[PDB]
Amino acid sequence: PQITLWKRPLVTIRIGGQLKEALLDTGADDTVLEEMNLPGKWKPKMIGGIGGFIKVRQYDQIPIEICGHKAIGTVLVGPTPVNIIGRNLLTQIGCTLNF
């Protein structure tokens, strides 16, 4: 689709079999989801935002369907204020900015 920006670009995603709402976030390097359970191995990591740094759990090679488009990649889980889909997966689904 073409998505305008008068409203937050929120979409439904499917991950670990569960539906969630997430924000398409071109200003995020990485995909960060609010606290949740995901299967398999993870590694501790840190990421920075506007307010400083947080600790996250890094899950690699995770399938997520974003607005009907398949991606498989890194998902960080931690204290983000909202679920965000970052550039690592936005690239996978062929998302660009246009004006």
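In this text, the rigid core denotes the largest set of C-alpha atoms whose superposition between the two forms falls within 1.5 Å. Note that residue numbering follows the sequence shown and begins at 1.
Chemist: Do the Cα atoms of 81-89 stray more than those of 15-23 in 6 other deposited structures of this protein, or is it the other way round, with the core held fixed?
Modeler: Evaluated in 6 other deposited structures of this protein, the stretch farther from the shown form is 15-23.
Chemist: Going by the average Cα B-factor in the PDB entry, point out whether 23-31 or 66-74 comes out higher.
Modeler: According to the entry, 66-74 carries the higher average C-alpha B-factor.
Chemist: Going by the CA temperature factor in the PDB record, which third of the chain does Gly17 belong to: lowest, middle or highest?
Modeler: Highest third, going by the recorded CA B-factors of the chain.
Chemist: Test of reading the entry: by CA B factor among the chain's modelled residues, which third contains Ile93?
Modeler: Its C-alpha B-factor belongs to the lowest third of this chain's values.
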